[PDB]
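What follows is a single structure, written as structure tokens, with notes after it.
Protein chains get the first letters and strands the later ones, always in sequence-line order, with residue 1 at the start of each.
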Protein chains: 4
Amino acid sequence: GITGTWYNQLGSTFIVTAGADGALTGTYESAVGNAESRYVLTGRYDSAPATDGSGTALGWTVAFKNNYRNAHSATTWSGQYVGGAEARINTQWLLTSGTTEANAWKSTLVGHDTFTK
Amino acid sequence: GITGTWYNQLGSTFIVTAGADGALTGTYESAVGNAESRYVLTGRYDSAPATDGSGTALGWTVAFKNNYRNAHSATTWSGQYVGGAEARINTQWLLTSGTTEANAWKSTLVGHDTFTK
Amino acid sequence: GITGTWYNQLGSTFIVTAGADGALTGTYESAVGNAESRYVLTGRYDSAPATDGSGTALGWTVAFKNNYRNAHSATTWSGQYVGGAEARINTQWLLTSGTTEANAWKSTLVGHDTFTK
Amino acid sequence: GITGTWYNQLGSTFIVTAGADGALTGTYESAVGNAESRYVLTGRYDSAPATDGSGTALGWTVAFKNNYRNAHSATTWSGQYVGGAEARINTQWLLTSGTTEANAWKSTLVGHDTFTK
Ligand SMILES: O=C(O)CCCC[C@@H]1SC[C@@H]2NC(=O)N[C@@H]21
Ligand SMILES: O=C(O)CCCC[C@@H]1SC[C@@H]2NC(=O)N[C@@H]21
Ligand SMILES: O=C(O)CCCC[C@@H]1SC[C@@H]2NC(=O)N[C@@H]21
Ligand SMILES: O=C(O)CCCC[C@H]1SC[C@@H]2NC(=O)N[C@@H]21
């Protein structure tokens, strides 16, 4: 279900593997922003969701540093996986950049991503 | 540095190790909500931040499922390590609960936690 | 342009008048939550947006109290208006409920609504 | 108890009057950002809050355009008034800037301000 290759609305690619333990591991490639090639991701998901048609809560983090460049930022996605013919992962994210103390009021962007297979 | 035992304004406890690879691993114990005992966390951080006075960007995730309890929820903290006169982690977070499609509009809480050692 | 009747993805109805002052006034009707009938809204908008084809910044508030009921809550929508053939208002919102101090950590939901005519 | 002159952690100044209907009217002056002098604000508040110790839900908007400047941006504050010894208004905010479609993913900042009398 959650494991596989997903794409959002900006065209970024989320490649993820959901493990026994509730662990998420894989790779993120952004189509936008100060980003090039793939980045490591890690996260967690609820490995025993409610049985009432509820979705599956999950979240993951990407620090946008790889061998090619470093944006000095990290993003976390919070959302849920909804399985089925039209499987989706619906999220909201927070992108925090390293700022000085004086600019910290402006260090965090908020947005929402929708991923489909 | 980031490795260590941190507490937030609620009294929750964040125990982390920062790997040289940009990995964050540890446990989280919440003082509030539908939680008891400790939860695995996993995250990422900028392992080569700027030194221009800027903080260190980081994020992590906790799914609130352990051997004791399952809240069917996942929270992500996005923020930055500030190495001022005091060690501090300022974050904003997103908590998403598993919900049916009907209730998805009301699935996600947002807040802000500050951590000191 | 902004002035008109708008509907979001949940089926809520936003009727507003954009004033010369940069004032937004109207009524809001939610299809979801603890709400019946129309509610008073007020907001503001950039009455002189960039000419580069950027959208128009705006926001508005609704306290969910009227003669029918009082949810002891208030939402604020923050976003931009984009004109043309398929004019749209894309927003993110914050919904804060009155709580005790002990429960302030869970007082605020976050979401996103997209409005069309 | 909401009416009056408030200051936040950044040094911004917030002058409000709460109307009986449940209106919020006033001016806002920002210590930071692409801002100078006063800005009209407007908003709503729960004029009939619970009487169990809960705060009063409120919200307000500021479009950062005035005689002096236009940032092509709007901020909304959502949160609650905690009355008593140290009157507080705890908020979270969304700041949206007019952008083109291409940059829309990065148009919104999120933050939180604490105001005191
Ligand atoms: O009630 C649940 O669903 C478990 C949530 C755990 C508590 C939340 S996570 C964000 C915030 N920071 C904390 O230390 N506790 C709350
Ligand atoms: O339940 C309440 O506290 C009052 C109803 C709030 C409904 C919310 S406001 C954000 C979202 N957009 C809508 O059109 N309805 C919901
Ligand atoms: O720079 C702009 O686009 C306009 C000024 C922005 C000031 C922001 S609004 C949120 C935060 N709280 C404040 O008191 N000031 C900043
Ligand atoms: O700081 C940067 O510019 C690098 C990261 C790129 C931004 C992101 S993360 C949220 C959004 N979703 C997505 O696929 N790309 C952008």
- Query: Looking at OG of D/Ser12 and OH of D/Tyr7, how far apart are the two atoms once the value is rounded to the nearest 0.5 Å?
  - Reply: 11.0 Å
- Contact summary for A/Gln9 and A/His112, nearest pair of heavy atoms: OE1-O, 3.7 Å
- Task: Return the minimal non-hydrogen interatomic distance between D/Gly59 and C/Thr76, and the atom names on each side.
- Result: CA-CG2, 3.8 Å
- Message: Within the supplied structure, the quantity of interest is the number of heavy atoms (other residues, nucleotides, ligands) at a distance under 6.0 Å from B/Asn67 CG; does it exceed 12?
- Response: no
- Show your working on side chain to side chain donor-acceptor pair (under 3.5 Å) between C/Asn90 and C/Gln80 and close with a plain yes or no. CA-CA 6 Å; C/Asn90 292 321; C/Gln80 32 186 139; over 6 Å; no
- Verify salt bridge (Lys or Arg N to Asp or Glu O under 4.0 Å) between A/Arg88 and B/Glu101, making sure each step is shown before the conclusion. CA-CA 11 Å; A/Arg88 50 209 330 104; B/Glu101 216 95 47; 5.1 Å; no
- Note on the structure: Residues D/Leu24 and D/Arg44: closest non-hydrogen pair is CD2-O, 3.6 Å
- Query: How long is the gap from OG1 on D/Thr116 to CH2 on D/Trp6, to the nearest 0.5 Å?
  - Reply: 7.5 Å
- Are any non-hydrogen side-chain atoms of A/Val16 and A/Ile2 less than 4.5 angstrom apart? yes
- Task: State plainly whether the residues A/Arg38 and A/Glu29 are in salt-bridge range, i.e. N to O under 4.0 Å.
- Result: no
- Task: Scan side-chain atoms only and decide if A/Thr96 and B/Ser78 contain a donor-acceptor pair under the 3.5 Å cut-off.
- Result: yes
- To the nearest 0.5 angstrom, please state how far the OG1 atom of D/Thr99 sits from the NZ atom of D/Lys106. 8.0 Å
- Taking atom types as modelled, find out whether D/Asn103 and D/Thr100 have a side-chain donor-acceptor pair closer than 3.5 angstrom. no
- Message: Show the nearest heavy-atom pair for residues C/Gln92 and D/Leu94, with the distance to one decimal.
- Response: O-CD1, 3.4 Å
- Task: Quick one: closest heavy-atom pair of A/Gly98 and B/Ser54, and the distance?
- Result: O-OG, 3.7 Å
- Message: In this structure, is the centre-to-centre distance between the rings of D/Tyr39 and D/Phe64 below 6.0 Å?
- Response: yes
- Message: Within the 3.5 Å criterion, strictly below it, is a donor on B/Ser107 or B/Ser97 matched to an acceptor on the partner's side chain?
- Response: no
- Message: For A/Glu36 and A/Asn66, which I'm curious about, is there any donor-acceptor pair between the side chains at under 3.5 Å?
- Response: no
- Indicate yes or no: at least one non-hydrogen side-chain atom of A/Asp46 is less than 4.5 angstrom from one of B/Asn70. yes
- For the student: nearest non-hydrogen atoms of A/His72 and B/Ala48, plus distance: CE1-O, 3.1 Å
- Task: Go through the steps for C/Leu58 and C/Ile89 under the test side-chain contact (heavy atoms from CB on, under 4.5 Å), then give the verdict.
- Result: CA-CA 9 Å; C/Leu58 64 168; C/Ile89 301 176; 4.3 Å; yes
- Does the side chain of B/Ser47 come under 3.5 Å of the side chain of A/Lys65 through a donor N or O and an acceptor N or O? yes
- Task: Under the side-chain contact (heavy atoms from CB on, under 4.5 Å) rule, what do B/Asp113 and B/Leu10 come out as? Steps first, then yes or no, please.
- Result: CA-CA 8 Å; B/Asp113 286 346; B/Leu10 298 169; 4.1 Å; yes
- Task: Drop me the distance from A/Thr27's OG1 to A/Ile15's CD1, to the nearest 0.5 angstrom.
- Result: 6.0 Å
- Query: Given the rule in the side-chain contact (heavy atoms from CB on, under 4.5 Å) test, do A/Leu41 and A/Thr61 qualify, once you have shown the distances and angles that lead to the verdict?
  - Reply: CA-CA 6 Å; A/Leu41 74 94; A/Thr61 298; over 6 Å; no
- Within the distance-only criterion (no hydrogens, no angle test), does the side chain of B/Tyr45 pair as donor or acceptor with the backbone N or O of B/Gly19 below 3.5 angstrom? yes
- Query: Can we call the ring centroids of C/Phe115 and C/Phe14 under 6.0 Å apart?
  - Reply: yes
- Message: Can you tell me how the ring of A/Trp105 sits relative to the ring of D/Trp93, calling it parallel under 30°, perpendicular over 60° and tilted otherwise?
- Response: tilted
- Does atom CD of C/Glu86 have more than 12 heavy-atom neighbours from other groups under 6.0 Å away? yes
- Item | Aromatic contact, A/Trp77 with A/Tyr28 (centres under 6.0 Å) | yes
- Item | B/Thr108 vs C/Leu109, side-chain contact (heavy atoms from CB on, under 4.5 Å): CA-CA, chis, key distance, verdict | CA-CA 6 Å; B/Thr108 306; C/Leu109 294 154; 5.8 Å; no
